[PDB]
Amino acid sequence: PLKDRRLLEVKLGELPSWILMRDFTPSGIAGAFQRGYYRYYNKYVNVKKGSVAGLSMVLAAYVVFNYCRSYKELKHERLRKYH
Amino acid sequence: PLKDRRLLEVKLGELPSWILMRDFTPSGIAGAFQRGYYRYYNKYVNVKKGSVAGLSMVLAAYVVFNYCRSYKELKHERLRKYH
Amino acid sequence: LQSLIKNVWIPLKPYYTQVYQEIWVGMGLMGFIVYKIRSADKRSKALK
Amino acid sequence: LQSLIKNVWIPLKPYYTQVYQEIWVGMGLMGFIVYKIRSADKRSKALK
Amino acid sequence: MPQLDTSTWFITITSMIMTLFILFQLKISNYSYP
Amino acid sequence: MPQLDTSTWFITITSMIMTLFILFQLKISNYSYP
Amino acid sequence: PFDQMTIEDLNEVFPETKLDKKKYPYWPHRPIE
Amino acid sequence: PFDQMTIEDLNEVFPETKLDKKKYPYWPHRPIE
Amino acid sequence: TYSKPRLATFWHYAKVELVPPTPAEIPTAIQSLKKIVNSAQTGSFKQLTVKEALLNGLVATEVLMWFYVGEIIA
Amino acid sequence: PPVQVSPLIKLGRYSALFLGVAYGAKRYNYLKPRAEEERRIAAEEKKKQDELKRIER
Amino acid sequence: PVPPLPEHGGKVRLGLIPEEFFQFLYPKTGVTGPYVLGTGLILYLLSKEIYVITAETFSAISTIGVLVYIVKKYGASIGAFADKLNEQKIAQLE
Amino acid sequence: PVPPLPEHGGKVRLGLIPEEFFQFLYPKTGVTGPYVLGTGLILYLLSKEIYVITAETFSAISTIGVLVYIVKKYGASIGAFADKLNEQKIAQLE
Amino acid sequence: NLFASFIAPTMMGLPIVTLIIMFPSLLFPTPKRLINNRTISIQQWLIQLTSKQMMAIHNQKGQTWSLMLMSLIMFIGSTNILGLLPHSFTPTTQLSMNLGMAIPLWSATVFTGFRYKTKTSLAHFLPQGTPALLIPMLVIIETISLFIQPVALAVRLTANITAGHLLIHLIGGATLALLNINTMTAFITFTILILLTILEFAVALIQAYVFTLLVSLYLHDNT
Amino acid sequence: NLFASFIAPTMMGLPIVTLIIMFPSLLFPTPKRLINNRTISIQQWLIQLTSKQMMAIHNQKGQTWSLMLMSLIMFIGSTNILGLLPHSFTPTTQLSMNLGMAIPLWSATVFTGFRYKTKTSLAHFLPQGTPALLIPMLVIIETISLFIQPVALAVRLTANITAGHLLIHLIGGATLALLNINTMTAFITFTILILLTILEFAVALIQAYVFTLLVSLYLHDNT
């Protein structure tokens, strides 16, 4: 009953239908990053008894980010050659 | 009598007025490159007795482009040091 | 992308389907080979 | 840019004009010095 | 031989493809007959 | 000393500026009093 | 006239100059006799 | 209530909690007594 | 060769445009300069159109190149 | 149809000309000795390198 | 004219990963699918050396030990601290 | 339903640069401003070595000499050639 | 010192070289009116001509590749000319481009030849009624000198092009260096350079014809 | 081998490092309701506190810089903590950032001191009623140890930070290497590492206070 649905709702056959019904302009990129931040915020943070997990996630995410950034310079000391 | 005018028409005081009345989205970038190409085309090419100058310009332009691209690797052999 | 598809899929359809079936295979082979060679040189320089 | 200016020029105006007149000068000096030093090292390595 | 610093092969190839099998097949596909 | 490969100084400085004199002066400018 | 016209205008004036798309779907939409 | 309100809502209910912008244009819009 | 015709065609404009300035119009020039300073100080020249300022700056750079020309002589 | 010069520019030109002539002569004089000496001392250096590879071939 | 909040949002396992994952996975393996899933993900990363081990490893271990110590010892103290500040503003105004 | 064309578009000087430049510059210096302008631009580029000279210079010189030879010797021949093809299609249809 | 001109360029850390390749695309505009200006009428005639000439032999099925062949030859004839300029880049001398342009075509031809005409394509490995003394010593040679097709089909073009650029660079350098000494030698080498320049203007198209002709008849065989 | 972590990163040929710097900006969100959650109430209290404490001495004119000082200290206290993590980057140890953060402030203070209070600012070069035997040997020292302000004001912080990262890297490396030999030494060095880690958690804020306090009283003098 709807053209645009949550990408999980849509099927594989109409997969490209979803890919083409949606927009791509940078404004529609900010209007996505914002939605992500605000889902996280209003679901795990903006609550009267926020906990560690309300924060630890972004930290342990930034961690993996800056680990991926560094993969190149770390292929030079693998303790074993044939992995 | 008009808000938007040819950037030559507009004055220096209202300079920012022109800078802010105009758009900047990539669609409005293609819709500029196209206007440039088509001015050149319909003014120097699409005429019944097109000449060399109808073409030589883009060639001698590409030349300077690929010269600027290369400036770095050419500061190493200047025949005279103190210029 | 609608302008894009309506500029490069109306005319160029009968070619990619009927004729060029046999060149895409070749391009896959090309990808195979380039992968192999880049991997080989990456290996040999990872050594040094 | 209208949202940008209406987010970062309504509040932050009385600061850049009345107070911070004296730090921008310092930042210009900072630019002076960084220019000088980058030029010096560029010169010395252009030598070698 | 800088044709052997393989780093760039991917892009060169892909762009060659994009050109040889898109643009000209558009332009030349429009030329006409006497 | 990689703090002396001066190539990058411009961007580091400009970004420091952008941050120290824009964002925080927005956030903290909104904190409230008892 | 001529110069003010296009290929489709020739489709309009001369249907016998038509490069039919059935017997010759490809380019140049006809053989090389 | 309280939790459903904002600083402007306090401007609304209590004008004496107002951090006036004339005698103290800057932040924190008042001295540190 | 055709050096003579066009060289004379150029002398035609040269003896009237490559001419040094006279000690008589110096007043006119200094006064025009002061009028420029007037238009500048108050911020009234800021009502100009672009093309005019473009022209002015291009001829300014024209005058400028002669400085490097003198260096060439040096 | 020639267009008479606006005198402003006729003034601005030849002044700058002779300014640049002076600048050039000054640069020539001020610069000659430093380069002469740097090159001659580099010649000392290259003779030293020559004798080096002579004894350290 | 503003909305209120919950009492506590999405509950979480290990303090790091949400549970909704687990439930979404209940139908097929129920309970002991996610745990072995992660164990395998990690033994894989380690085996093929997508993650080589060095000093920074132990630095991370130490920082994390410190942090968990701190929280598991001071958490609710800080929570009541903050709720106290809130109720205190409420009162001092009220 | 299409528009026609001119007989020949913007005239040009040296075959490379347009004249509109010259006229735009007429008011102030009239005639002998642009030429010395360019001469100075170029003597400047050369003097400060914004353009160092090498083999590629002479390669460019040779290619350009060839090209101008070709055009100055075959231009109108090709022009009438093409107009002939046009009139010939016109007739062969007409 | 001079392989520089073959180094892949990026004015900064971004993917530019994919613009050195599509630039030619617009020195060959497309018409919409019936009649048009010169620069289009000329190329139009040129193409009618060259097609009517080369695609004569092929059978009717094989006459579906006109687009591909003439586009191939047009693209390459552009690139290899443009590359002549003072400071321009030849995206062909990047051997990878040549391999990626050669292989698929050759392979797809062979595949049309072995999908249809199986027994006969297999048969082309044994010339008709040769002495029955040497069969293996012949069906080894034909089958090794088959796979040798694309390799040469590319490398020839690649190195052919490269050599000209290198030779002109070097001759011009020695020109300046002799100018240091004397005058007349410089003019000698400059005339030499003019000759070389023309010869390159020539090979740069000779090779296009070679390429898309080799391919044309490789399709003639295995169609 | 290990100055690596100070090398400026760009995952590819693009300007990334300007994102390592604005990330903290959102570990300190801004409130819009009157009451809010915990993470905001806490920092709010913290800031009220620290201001009421440090901006006591300053006069009324000098009380216009509260924003700048507390933002400075907040930004730095964030950066220098975050940098602790396993594989994180400290955008301060890029000495250039420290110079660009130090100089303008010091210079603008001096300029407020010499635009107003000219005679008196000049006077601060001569302590009150010193022996008239040595005046020059004192108004040389004061005026040389003035210009020395920003240099140290930055370098102190810079190198202070750097040393901790370097020391932890090295201790952990020797930890692994001794683990090759034996077990107990590793635990020894691990506990050592815990201590060092805490001490760094500490200095990383001590230095912020130092910095924005030095500056505060430099404004106290030349206001």
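Just above sits the structure.
Conventions adopted
Residues numbered from 1 in each chain as written, not as in the entry; some residues may be left out. Chains lettered and ligands numbered in written order. Part of a larger assembly, values for the part shown. Heavy atoms only, no water. Residues with missing side-chain atoms left out of burial classes, pairs and counts. Helix = DSSP H or I, 4+ residues; strand = E, 2+ residues; numbered from the N terminus. Axes fitted to C-alpha atoms, helices over the stretch in contact; angles between N-to-C directions. Parallel < 35°, antiparallel > 145°, perpendicular 65-115°, else oblique. Left-handed = near helix turned anticlockwise from the far one by under 90°. Contact = heavy atoms within 4.5 Å. Nonpolar A, V, L, I, M, F, W, Y, C, P; charged D, E, K, R; others polar. Expected span 1.5 Å × (residues − 1).

## Section: the overall build of chain G
- The helix and strand tally for chain G stands at one helix and zero strands.
- Principal axes of the C-alpha set define a box for chain G whose edges measure 30 × 15 × 15 Å.

## Observations concerning the overall build of chain J
- A tally of regular secondary structure across chain J gives one helix and zero strands.
- Here the C-alpha coordinates of chain J stretch approximately 75 × 25 × 10 Å along the principal axes.

## Considerations on the packing of helix α2 (residues 66-82) of chain M against helix α7 (residues 184-221) of chain M
Residue and element names in this part refer to chain M.
- The geometry of α2 relative to α7 is characterised by a closest axis approach of 9 Å and an angle of 160° between their N-to-C directions. By the angle between their directions, the pair α2 and α7 is classed as roughly antiparallel. Between α2 and α7 lies a crossing of right-handed hand. On α7, the residues touching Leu69, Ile73, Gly77, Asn80 and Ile81 of α2 are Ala204, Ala208 and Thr212.

## Some words on the interface of chain J and chain I
- Residue-level contacts link ten residues of chain J with eight residues of chain I.
- Tallied by class, the residues present in the side of chain J that touches chain I amount to seven nonpolar, two polar and one charged.

## Some thoughts on the interface of chain H and chain N
- Listed by partner, the interface residues are four residues for chain H and four residues for chain N.
- Looking at side-chain class alone, the side of chain H that touches chain N contains three nonpolar, one polar and no charged residues.

## Focus: the arrangement of the chains
- With 19 pairs of chains in contact overall, the greatest share of contacts is found between chains I and J.
- Taking C-alpha atoms only, the smallest gap left between chain F and chain H, which are not in contact, amounts to 7 Å.

## So, the environment of N:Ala204
All names here are of chain N.
- Its location among the elements puts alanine 204 in helix α7 (residues 184-221).
- Between the C-alpha atom of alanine 204 and that of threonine 93, which follows or precedes it by 111 residues, the distance is 12 Å.
- Excluding residues that lie within four positions of it along the chain, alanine 204 makes contacts with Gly77, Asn80 and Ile81.

## A few points about helix α2 (residues 34-47) of chain K
- For α2(K), which comprises 14 residues, the first-to-last C-alpha distance of 20 Å matches the rise-based estimate of 20 Å (1.5 Å per residue) to within 8%.
- K:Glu49 sits one or two positions beyond α2(K) and adopts a positive phi of about 60°.

## Some thoughts on unusual backbone geometry
Residues and elements named next belong to chain G.
- Residues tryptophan 27 and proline 28 are joined by a peptide bond in cis, for which omega reads 5°.
- Along the polypeptide, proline 28 turns up in the segment after α1 (7-13).
- Unusually for a residue other than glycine, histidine 29 sits at a positive phi of about 55°.
- Mapped onto the fold, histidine 29 is located in the segment after α1.

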